[PDB]
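I have placed the structure first, in the form of structure tokens, so that the comments after it can refer back to it.
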Amino acid sequence: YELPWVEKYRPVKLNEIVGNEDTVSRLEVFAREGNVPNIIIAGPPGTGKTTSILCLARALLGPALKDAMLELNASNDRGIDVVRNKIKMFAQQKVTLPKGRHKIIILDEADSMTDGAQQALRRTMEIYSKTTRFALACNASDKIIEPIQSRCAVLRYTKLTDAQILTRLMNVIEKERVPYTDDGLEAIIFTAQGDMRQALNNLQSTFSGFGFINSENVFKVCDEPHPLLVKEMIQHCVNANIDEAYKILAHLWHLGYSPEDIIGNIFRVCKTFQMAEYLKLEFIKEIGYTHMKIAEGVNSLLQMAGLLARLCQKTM
Amino acid sequence: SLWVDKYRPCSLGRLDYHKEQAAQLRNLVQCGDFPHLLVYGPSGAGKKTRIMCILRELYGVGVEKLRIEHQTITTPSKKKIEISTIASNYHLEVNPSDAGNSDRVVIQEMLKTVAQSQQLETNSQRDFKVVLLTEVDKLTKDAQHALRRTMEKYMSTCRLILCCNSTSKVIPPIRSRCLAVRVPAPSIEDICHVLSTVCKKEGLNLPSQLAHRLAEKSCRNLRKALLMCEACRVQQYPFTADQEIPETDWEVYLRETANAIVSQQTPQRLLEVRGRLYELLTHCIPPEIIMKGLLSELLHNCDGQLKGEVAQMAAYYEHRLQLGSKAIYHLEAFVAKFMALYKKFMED
Amino acid sequence: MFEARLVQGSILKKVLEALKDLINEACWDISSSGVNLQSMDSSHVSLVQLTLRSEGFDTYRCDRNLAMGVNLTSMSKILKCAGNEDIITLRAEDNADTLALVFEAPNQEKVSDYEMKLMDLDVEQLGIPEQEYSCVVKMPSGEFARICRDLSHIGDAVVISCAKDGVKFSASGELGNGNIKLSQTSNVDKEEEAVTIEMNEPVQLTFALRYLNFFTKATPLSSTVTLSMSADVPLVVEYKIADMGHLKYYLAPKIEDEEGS
Amino acid sequence: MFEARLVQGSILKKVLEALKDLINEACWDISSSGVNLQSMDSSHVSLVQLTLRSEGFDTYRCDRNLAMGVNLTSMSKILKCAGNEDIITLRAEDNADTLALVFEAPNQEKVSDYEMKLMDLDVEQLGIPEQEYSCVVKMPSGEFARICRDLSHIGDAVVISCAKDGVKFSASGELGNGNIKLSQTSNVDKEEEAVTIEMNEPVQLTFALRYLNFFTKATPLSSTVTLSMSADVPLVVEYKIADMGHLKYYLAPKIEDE
Amino acid sequence: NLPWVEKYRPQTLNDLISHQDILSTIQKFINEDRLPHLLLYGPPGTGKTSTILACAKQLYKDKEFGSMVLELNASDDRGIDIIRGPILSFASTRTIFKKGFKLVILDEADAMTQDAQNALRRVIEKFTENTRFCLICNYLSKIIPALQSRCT
Amino acid sequence: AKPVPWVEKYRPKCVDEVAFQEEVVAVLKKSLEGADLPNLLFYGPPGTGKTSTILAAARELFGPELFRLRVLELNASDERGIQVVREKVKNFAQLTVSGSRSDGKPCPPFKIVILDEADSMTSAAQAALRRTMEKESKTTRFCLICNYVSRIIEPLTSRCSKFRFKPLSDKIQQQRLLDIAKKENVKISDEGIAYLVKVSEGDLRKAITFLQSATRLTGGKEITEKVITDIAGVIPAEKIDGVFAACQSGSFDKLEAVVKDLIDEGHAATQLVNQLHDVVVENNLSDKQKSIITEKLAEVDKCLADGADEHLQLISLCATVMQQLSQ
Ligand SMILES: Nc1ncnc2c1ncn2[C@@H]1O[C@H](COP(=O)(O)OP(=O)(O)OP(O)(O)=S)[C@@H](O)[C@H]1O
Ligand SMILES: Nc1ncnc2c1ncn2[C@@H]1O[C@H](COP(=O)(O)OP(=O)(O)OP(O)(O)=S)[C@@H](O)[C@H]1O
Ligand SMILES: Nc1ncnc2c1ncn2[C@@H]1O[C@H](COP(=O)(O)OP(=O)(O)O)[C@@H](O)[C@H]1O
Ligand SMILES: [Mg+2]
Ligand SMILES: [Mg+2]
């Protein structure tokens, strides 16, 4: 009954988080000081918004965490009566708290809440701010209204640079003494894409699945289109060759890959490909157009063939 | 009172143009089993004239006693939407396209409501009653699917008359069960005929040449022609052939837009013409109408070896404006491509 | 040929109102020993076993075993046609799509024939093993129903602990805490109001309150309720349905995370 | 000038929830014979004839023939202020726009005066013909409400058939069928618990159950109901409100064929 | 008689073929009790439900199958209601019989909204040692990347 | 009586009235002895009578006693909602009767449900229909009726038996419409009947509705070519000759004249695409000219399907047929 590595290697203090260094340092300044403002943390998944908010709440409250901290989440019902009752009478309650430490309402996945939920949120966070402070977590700030981002301090978490993902990955691997190859670990970076929980789960998964951490094992337990094949496809589309890229297309189509994953890996490889900048812009526009062809419901091999033809003709 | 609607015809025998379609519709409504109608044609051709004329021929005297009712509907999301209704004691008339994404909601609920309503003294008047769907072409797909469901389930008690233009966006399987009535735009001679009639009734002596100018500048649109005639009467009662016709502000604004385009081919003139395009777009006029006006006032200037590519790019940017959601990017892309092609044309 | 006569008529109504919202389709397994039923909720958390013995019926005869699919909402409406003192005769064929219930007045004046259409269901007979329990507590039915009805206002769960003092029902919700204790009662004038506790080892388990509120609608069936509770064993709620059978429930306990704070 | 005083006021309250759901507004017609209500439902199915006789009232003054059309939901709201034992006074003048309702205590310690706004209604009086009905079944109104309520769960309509074996109610639906049967009771202890069948010709007729559920809110008024049927005529259901008066409901049978 | 598709659903991990690696890894997971939450994705009709049903019938007997496996799909109404209904109520509780982890089998799992996927991924985090989910889907790209970061 | 339209009135009724569709009779005739069948899907142009064929077929498999109890017929364009797909079929399969009849004949114990015009459903509704077919594969059999193949999705067509329904192809409809004309006392010549056949590509129902409409407008007069051209949605041929004469040689002023003279007439641009395509693929133009014109006609019909403006696109289409015709 061993715990998974996502929850086993969760940080317990605020200096173990490698996401955004200035924001983490200012959060630690507020943890040692006490008067934490209303904060909202935005960014891609896996950057560590939940562990930053949880570690801030723990380092603030301590032993009074079970009564001075309310964690409302997406798996719980968040209707109009919930923001009318649960959040309100948590914000109205009294807790014997120190001079600087304040009550915390951890509102994880605030972008999934309805409009009336945020309508009942706004007055609560403006009025009861002498006692309770809201630490919102979210993925996209567009689904949240502008007034909540106005009354909060917005903390943009970036997608993680691969170096800090490597440092945490050597920390976990040295904690487990799991053998590795280097290129397999770079394959784990490529499978992560700024999602650190995805990197940990894929490493976990892959070792339990197949011993040595080598490109073959991680690319077997994931089964995305291979970076070398799609990179050679885009390279064959660079020098105006429809046929040589079409053997790679038939290789990736007779392997049973769905067209959505094919075009997603095509765009992700085309993001970092070494070619001319205007040519990269035209390629990204055509890959986007074929991706709307896919998303509208035309998932044939001939749409991939037409994508290859358009990338070939745009290179003279 | 304006004469554009004061001298509107009532009976099918006092129509000025399309007499054969008038006789065909009169003999169609003369017998029983009046079918579902889909009336179509260009704007200003006189579709609604035929529709209230058909309503006059189908019923007795009380066909023009109209009033506005307001009906609320509920979306699947908890939100009340108030819709308008032009109604009489013999017929219904709804514009259902005012509700944008909730058009399936009104198309289900409102015609379910008027279908469940019972015709009081139904033996006295006629077998069924008629429902007008004034703007029906820009309804979405499943809204029109619920529309043909509504046409199928109440075929005995409620037939519909759908009025629109450009039926390409109207779905196929509503066109199969609806009798397609096509009203062409009246010709230059028919427009001159009705202008001469509406002037001879009101004690006027309009020359024929000015009637030809009114017809040729009305672009086969009779309401606009009678409004130009009215405005010409207001401007000057002694009518000369060399008369300054009071054109509408948005056409001459498009003419100034077009000559601002062809004057200079620089990004600063592109900024000025983008400001003019924003001023045109802010008046809630459709961008296909702006595109058509830009192409009509643009083809009077360009050389004969460049009209084809200009027309192809006009169709291309109108289509991509229809596929998109914001008009100004596609419009100013069209203007930028025209400036680039024209500066290539005079540069070589 | 399934003819089964039942003189006391509202006890089947109370049996059904116990199954009324807790389960929507169930299968009746019919043998010469009588009527059997074993079903689960749609969430697969609570198990219901209903056994009606052969000798409890007035005239029971049954040639062959019958697996019979039933929607309890349809005969929830049909058993509301039955009176409180009415005699219920159940009739079915060996290859029936039909079910006949005849409601008879005690003075033989009013006769009622009612028909239910049956549905096919796949039956998974989950054989419940005989397990010895660490704790067996018999308590009043109305007392336990009141216990869950008060504790469902505080929170959504109850912590039931059986120890040497007695049985403790606890709840902890956003309104606050709640702890109701019950001790062994030495002397009651009636045997139906006493709380009597037999023990091997003190236990402590957490249960959802929606399920217990669904369970305790079986209050007028029996005056006494037997809760059999143990570690790694479900919460057995036995109602002895007079002398004609028994209604038994099985609740899996909830997961309690261990926190040092 | 019209005043009426009645010593038992809960019977008019029971009248009120007997027809506050069936009909929304009703015209009360008072002549020297008494009070008559011949009203007609919104969905064009049911007719209701409620009559209250003069002799049962404690005192009664009526000058001219009068017709007041009152909304029964609102005047059901005003009779909910009254109790179950209070003596009730109804007052209205000859040109009355108002209805005065005075509820007095039996010990005369509480006397209550309220006012009701009245409205004008265009009333058509349907002439109910005196005709010989073939079948008359007298049975317990509590059991009759029980019959309508337990058959309403099964289906939307009942085919009921009466013959030499007695009366029979049948309903069909997606849950199944229901078929209740009553015979002629020979020996009873109370006459209100007996079932009596007067027979001329066995008849089968189908009627919607919503209106039967609506009609069975008059069951505290009478211990017995009377169900009268014949061919091609509306069904009569009848409550005897004491010796005070009667409550007849005329139901249009369902003739829909597949 | 029945159509041949329903008569030969491979009932045994022996009858099925051409999926030997999935067979080997899943039996290796289930013999040593290291099975994580599963997300089975591919084309239609390649045997996604058959292998997980044969594995669940390999683990448990027929007399205890009703309390250790809950099967849902999109024939029922799916959204934010039934994730807060049967799924977590099955997931948060213990076993009526014996001991061991449970199983939720969710066929055609790509048909739910991303709010429902966020509710389900938090349910997966909250109860893991007592519940092992199985989500069968056609397209991987309809599933949020955190949910793919939970289940293998 | 009510005025019945002559499509469902004149449809076949029995199994052998299907006008030479004996394969559809024979496959079932085999299934009578086999007492087993998978899901069915009949695709074909309408007026052929797929619904009446499956109604008489289910009458043969169950009988008139079991027809109203074991056959559920629903119209998919009348039941496009995802709720009524996922509730009424579930309720029909949950209410089960035995597969034994009072006549003593053997009967297979699965239900019959019919979904007519299933091609008009969307992708999500057809996916929910696939789910309903998946969960009810034991106690209720599914058959569908549609007019086109690819409008039905690939998972919905992968679990059914596909049957093509051929209509009355040639030389039968003309005398049949003549019998309808002589029965209702309708005067219409041979060329009008031939034009009625020609305006509908293999569609009987379109021809009956056009004849009904033309007889309603005339009321007892001669059915000329003008009335049929008006009802059937045909641009008159002299407009196409004027368009080709303007686009053959000259200036852009005459094109604008004929395009603004084709929109003003009320004609749909898709009809111009269809008829201009018909007169390009049959004429004596060059292969390059025919190819460029037809590819642009396909692109113009694409953007008209997407809701673009007809005026500018008929301008551009006439511009490229001018640039192909003048050169
Ligand atoms: N900056 C980080 N440093 C170290 N470990 C991290 C970091 N970010 C994430 N992790 C690990 O990833 C796990 C999941 O992190 P979470 O904070 O839950 O992700 P998240 O920011 O909440 O994004 P969501 O909730 O999926 S949208 C944690 O338990 C850590 O083990
Ligand atoms: N590897 C296999 N070996 C043998 N039979 C197989 C195999 N894969 C599929 N089948 C057969 O295919 C039938 C259907 O399998 P399913 O598992 O129901 O399909 P699926 O993978 O769930 O795809 P869905 O349900 O349409 S998303 C089974 O009953 C088997 O008879
Ligand atoms: N025979 C006629 N006599 C007088 N006016 C006419 C006649 N035919 C058409 N018109 C005018 O032409 C205008 C056409 O407007 P309308 O019927 O709304 O067409 P559309 O619906 O296409 O805009 C009307 O305002 C009407 O007054
Ligand atoms: Mg989070
Ligand atoms: Mg499957």
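Every chain in the structure tokens has a letter given in the order shown (A, B, ...), and although residue numbers restart at 1 in each chain, ligands are simply numbered from 1 in the order shown.
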inquiry  = Around ligand 2, out to 9 Å and counting only C-alpha atoms and all ligand atoms, which residues are there? I want them as a ChimeraX atom specification.
reply    = /E:4-11,15-19,40-53,107-108,136-138 /F:134,155
query = Could you name the residues that touch stretch 310-323 of chain F at 9 Å or less, counting only C-alpha atoms, but leaving out those on the same chain fewer than 4 positions away, as JSON, numbers by chain?
reply = {"B": [166, 168, 291, 292, 295, 307, 308, 309, 310, 311, 312, 313, 314, 315, 316, 318, 319], "F": [243, 244, 246, 247, 248, 249, 250, 251, 252, 255, 256, 259, 260, 262, 263, 268, 269, 270, 272, 273, 289, 292, 293, 296, 297, 300, 303, 304, 327]}
request  = For stretch 101-104 of chain E, please output as a ChimeraX atom specification all residues within 10 Å (counting only C-alpha atoms; exclusion window: fewer than 3 positions along the same chain).
outcome  = /A:1 /E:33,35,37-38,52,56,67-72,87-88,90-95,107,128-135
Need to verify the contact set: stretch 206-223 of chain C, 7 Å, only C-alpha atoms, exclusion of same-chain residues closer than 2 positions in sequence. Can you return it as an mmCIF file with C-alpha atoms, in the first residue's frame?
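File produced: around.cif:
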data_model
loop_
_atom_site.group_PDB
_atom_site.id
_atom_site.type_symbol
_atom_site.label_atom_id
_atom_site.label_comp_id
_atom_site.auth_asym_id
_atom_site.auth_seq_id
_atom_site.Cartn_x
_atom_site.Cartn_y
_atom_site.Cartn_z
ATOM 1 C CA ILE C 11 -45.652 -5.381 7.187
ATOM 2 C CA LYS C 14 -43.021 -1.358 5.698
ATOM 3 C CA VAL C 15 -40.578 -3.823 4.091
ATOM 4 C CA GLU C 17 -40.747 1.486 2.327
ATOM 5 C CA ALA C 18 -37.417 0.270 3.699
ATOM 6 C CA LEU C 22 -32.397 2.761 -1.266
ATOM 7 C CA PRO C 140 -34.766 0.432 20.132
ATOM 8 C CA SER C 141 -35.690 1.159 16.526
ATOM 9 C CA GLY C 142 -37.047 4.645 17.167
ATOM 10 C CA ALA C 145 -33.741 6.395 13.897
ATOM 11 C CA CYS C 148 -29.238 9.254 12.798
ATOM 12 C CA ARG C 149 -31.896 11.951 12.331
ATOM 13 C CA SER C 152 -27.430 14.012 10.013
ATOM 14 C CA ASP C 156 -22.585 13.804 6.731
ATOM 15 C CA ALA C 157 -20.860 11.019 8.699
ATOM 16 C CA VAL C 158 -20.998 9.284 12.071
ATOM 17 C CA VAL C 159 -18.198 7.739 14.106
ATOM 18 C CA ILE C 160 -19.680 4.811 16.026
ATOM 19 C CA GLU C 192 -38.194 -3.810 23.485
ATOM 20 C CA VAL C 225 -32.549 -3.482 16.081
ATOM 21 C CA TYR C 239 -34.392 -6.278 11.904
ATOM 22 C CA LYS C 240 -36.224 -9.444 12.875
ATOM 23 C CA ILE C 241 -39.381 -9.285 10.748
ATOM 24 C CA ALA C 242 -41.614 -10.848 13.449
ATOM 25 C CA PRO C 253 -17.298 1.819 6.587
ATOM 26 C CA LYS C 254 -15.667 4.980 5.256
#
request  = Enumerate as number ranges by chain all residues of stretch 153-252 of chain C assigned to strand (DSSP E or B) by DSSP on the backbone, naming them with the chain letters and numbers the document uses.
outcome  = C: 157-163, 166-173, 176-182, 196-199, 203-208, 224-230, 233-241, 245-251
Residue A:289: which residues within 12 Å, counting only C-alpha atoms, same-chain residues fewer than 3 positions away excluded, as a PDB file with N, CA and C atoms, in the first residue's frame?
ATOM      1  N   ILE A 263      -1.053  15.468 -34.791  1.00  0.00           N
ATOM      2  CA  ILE A 263      -0.936  16.899 -35.062  1.00  0.00           C
ATOM      3  C   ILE A 263      -0.457  17.669 -33.822  1.00  0.00           C
ATOM      4  N   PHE A 267       2.951  19.919 -33.891  1.00  0.00           N
ATOM      5  CA  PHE A 267       3.093  21.302 -33.438  1.00  0.00           C
ATOM      6  C   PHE A 267       4.161  21.432 -32.354  1.00  0.00           C
ATOM      7  N   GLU A 282       4.887  30.500 -40.900  1.00  0.00           N
ATOM      8  CA  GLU A 282       3.975  29.941 -41.898  1.00  0.00           C
ATOM      9  C   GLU A 282       3.657  28.476 -41.606  1.00  0.00           C
ATOM     10  N   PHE A 283       4.658  27.718 -41.144  1.00  0.00           N
ATOM     11  CA  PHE A 283       4.449  26.326 -40.761  1.00  0.00           C
ATOM     12  C   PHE A 283       3.489  26.210 -39.585  1.00  0.00           C
ATOM     13  N   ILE A 284       3.645  27.076 -38.578  1.00  0.00           N
ATOM     14  CA  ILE A 284       2.773  27.050 -37.406  1.00  0.00           C
ATOM     15  C   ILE A 284       1.348  27.435 -37.785  1.00  0.00           C
ATOM     16  N   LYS A 285       1.188  28.386 -38.713  1.00  0.00           N
ATOM     17  CA  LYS A 285      -0.150  28.736 -39.191  1.00  0.00           C
ATOM     18  C   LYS A 285      -0.810  27.576 -39.937  1.00  0.00           C
ATOM     19  N   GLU A 286      -0.047  26.851 -40.761  1.00  0.00           N
ATOM     20  CA  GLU A 286      -0.643  25.735 -41.496  1.00  0.00           C
ATOM     21  C   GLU A 286      -0.945  24.545 -40.586  1.00  0.00           C
ATOM     22  N   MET A 292      -7.402  22.730 -36.718  1.00  0.00           N
ATOM     23  CA  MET A 292      -8.843  22.991 -36.770  1.00  0.00           C
ATOM     24  C   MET A 292      -9.585  22.028 -37.686  1.00  0.00           C
ATOM     25  N   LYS A 293      -8.944  21.558 -38.764  1.00  0.00           N
ATOM     26  CA  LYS A 293      -9.548  20.504 -39.584  1.00  0.00           C
ATOM     27  C   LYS A 293      -9.767  19.234 -38.766  1.00  0.00           C
ATOM     28  N   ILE A 294      -8.805  18.902 -37.904  1.00  0.00           N
ATOM     29  CA  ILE A 294      -8.939  17.750 -37.012  1.00  0.00           C
ATOM     30  C   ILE A 294     -10.028  17.982 -35.972  1.00  0.00           C
ATOM     31  N   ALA A 295      -9.995  19.137 -35.304  1.00  0.00           N
ATOM     32  CA  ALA A 295     -10.913  19.407 -34.205  1.00  0.00           C
ATOM     33  C   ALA A 295     -12.351  19.584 -34.669  1.00  0.00           C
ATOM     34  N   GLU A 296     -12.572  19.957 -35.930  1.00  0.00           N
ATOM     35  CA  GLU A 296     -13.936  20.061 -36.426  1.00  0.00           C
ATOM     36  C   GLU A 296     -14.537  18.708 -36.793  1.00  0.00           C
ATOM     37  N   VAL A 298     -12.735  16.116 -39.040  1.00  0.00           N
ATOM     38  CA  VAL A 298     -12.206  15.493 -40.248  1.00  0.00           C
ATOM     39  C   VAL A 298     -10.862  14.855 -39.926  1.00  0.00           C
ATOM     40  N   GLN A 303      -6.042  14.345 -44.607  1.00  0.00           N
ATOM     41  CA  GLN A 303      -5.788  15.647 -43.997  1.00  0.00           C
ATOM     42  C   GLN A 303      -4.322  15.805 -43.604  1.00  0.00           C
ATOM     43  N   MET A 304      -3.704  14.738 -43.087  1.00  0.00           N
ATOM     44  CA  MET A 304      -2.252  14.711 -42.905  1.00  0.00           C
ATOM     45  C   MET A 304      -1.501  14.850 -44.225  1.00  0.00           C
ATOM     46  N   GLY A 306      -2.616  16.391 -46.939  1.00  0.00           N
ATOM     47  CA  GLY A 306      -2.776  17.775 -47.353  1.00  0.00           C
ATOM     48  C   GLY A 306      -1.957  18.741 -46.519  1.00  0.00           C
ATOM     49  N   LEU A 307      -1.797  18.446 -45.224  1.00  0.00           N
ATOM     50  CA  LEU A 307      -0.898  19.224 -44.375  1.00  0.00           C
ATOM     51  C   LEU A 307       0.535  19.133 -44.870  1.00  0.00           C
ATOM     52  N   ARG A 310       0.813  21.180 -48.062  1.00  0.00           N
ATOM     53  CA  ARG A 310       0.832  22.621 -47.833  1.00  0.00           C
ATOM     54  C   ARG A 310       2.157  23.077 -47.225  1.00  0.00           C
ATOM     55  N   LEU A 311       2.726  22.282 -46.310  1.00  0.00           N
ATOM     56  CA  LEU A 311       4.066  22.576 -45.803  1.00  0.00           C
ATOM     57  C   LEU A 311       5.125  22.443 -46.889  1.00  0.00           C
TER      58      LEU A 311
END
